[PDB]
Amino acid sequence: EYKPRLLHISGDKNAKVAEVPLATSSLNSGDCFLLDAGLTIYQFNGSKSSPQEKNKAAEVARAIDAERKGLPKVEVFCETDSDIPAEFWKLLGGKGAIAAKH
Ligand SMILES: [Ca+2]
Ligand code: NA
């Protein structure tokens with residue numbers, strides 16, 4: 001399905017993924033998120049996220065890609081990156097300040 005959804009990867013060393021409301025306000029600097037927009041999957045790594053969380057997010061993205069027979073494009077970026085795509089923020093309802101924690 002190409003209806004955008006936001007997945008939240010948390011747990012620090014014990015990474016878990018779960019859908020959360022699709023909004024910028026659902027994000028936080030300590031975790032990882034996958035904004036699944038259908039043809040494009042955006043992976044946002046919180047600046048304080050853990051290696052296990054990054055790996056989990058990547059694993060979920062590959063699984064989604066596999067189910068979709070490789071059609072989606074996957075973009076990965078760190079929270080502090082200077083070239084995060086504008087579409088990521090647009091789909092989240094607009095760029096804004098991220099909570100330090102969930
Ligand atoms: Ca692909
Ligand atoms: Na975390």
Side-chain angles (χ1 to χ4, degrees):
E1 192 60 9
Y2 318 96
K3 190 212 160 185
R5 68 186 168 158
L6 185 60
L7 309 182
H8 183 178
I9 296 87
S10 61
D12 202 23
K13 300 216 173 236
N14 304 288
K16 283 288 252 61
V17 59
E19 183 161 7
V20 293
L22 172 77
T24 303
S25 44
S26 282
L27 309 172
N28 86 71
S29 305
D31 308 328
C32 287
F33 298 77
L34 286 178
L35 196 183
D36 177 5
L39 295 170
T40 302
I41 301 158
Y42 302 89
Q43 178 181 151
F44 168 100
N45 297 147
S47 73
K48 295 304 165 254
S49 68
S50 79
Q52 286 85 354
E53 275 157 3
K54 288 173 179 68
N55 285 351
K56 186 48 114 187
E59 164 193 349
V60 176
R62 276 172 240 127
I64 288 165
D65 181 66
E67 281 208 340
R68 282 180 211 155
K69 305 275 161 268
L71 193 53
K73 316 229 140 276
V74 180
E75 302 247 52
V76 188
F77 40 84
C78 286
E79 163 181 11
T80 62
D81 279 356
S82 78
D83 63 341
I84 293 180
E87 193 62 25
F88 167 78
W89 297 116
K90 176 180 187 168
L91 289 165
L92 285 168
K95 160 123 224 197
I98 297 314
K101 24 252 161 208
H102 175 239

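The figures that follow rest on heavy atoms only: side chains count, while hydrogens, waters and symmetry mates do not. Numbers here are sequence positions counted from 1. Atoms within a ligand are numbered from 1 in the order they appear, just like the ligands themselves.
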Practice problem: Find, among atoms of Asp65 that are N, O or S, the one nearest to the Ca ion (ligand 1), and state its name. | Solution: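 Result: OD1.
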Quiz item: So, are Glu53 and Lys56 salt-bridged, with charged N and O less than 4.0 Å apart?
Solution: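 Salt bridge flag = no for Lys56 with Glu53.
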Quiz item: For the Na ion (ligand 2), which protein N/O/S atoms are closer than 3.0 Å?
Solution: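 Listed by chain and number, the atoms are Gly30 O, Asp31 OD1, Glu53 OE1, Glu53 OE2.
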Going by heavy atoms in the side chains, are [X] and [Y] under 4.5 Å from each other?
| X | Y | result |
| --- | --- | --- |
| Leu7 | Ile64 | yes |
| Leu22 | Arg5 | no |
| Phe44 | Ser49 | no |

Say whether, by atom type as modelled, one donor and one acceptor occur between the side chain of [X] and the main chain of [Y] under 3.5 angstrom.
| X | Y | value |
| --- | --- | --- |
| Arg68 | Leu39 | no |
| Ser26 | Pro21 | yes |
| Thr24 | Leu92 | yes |

Quiz item: Looking from the Ca ion (ligand 1), what is the angle between O on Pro72 and O on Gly70, to the nearest 10°?
Solution: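 Nearest ten degrees: 100°.
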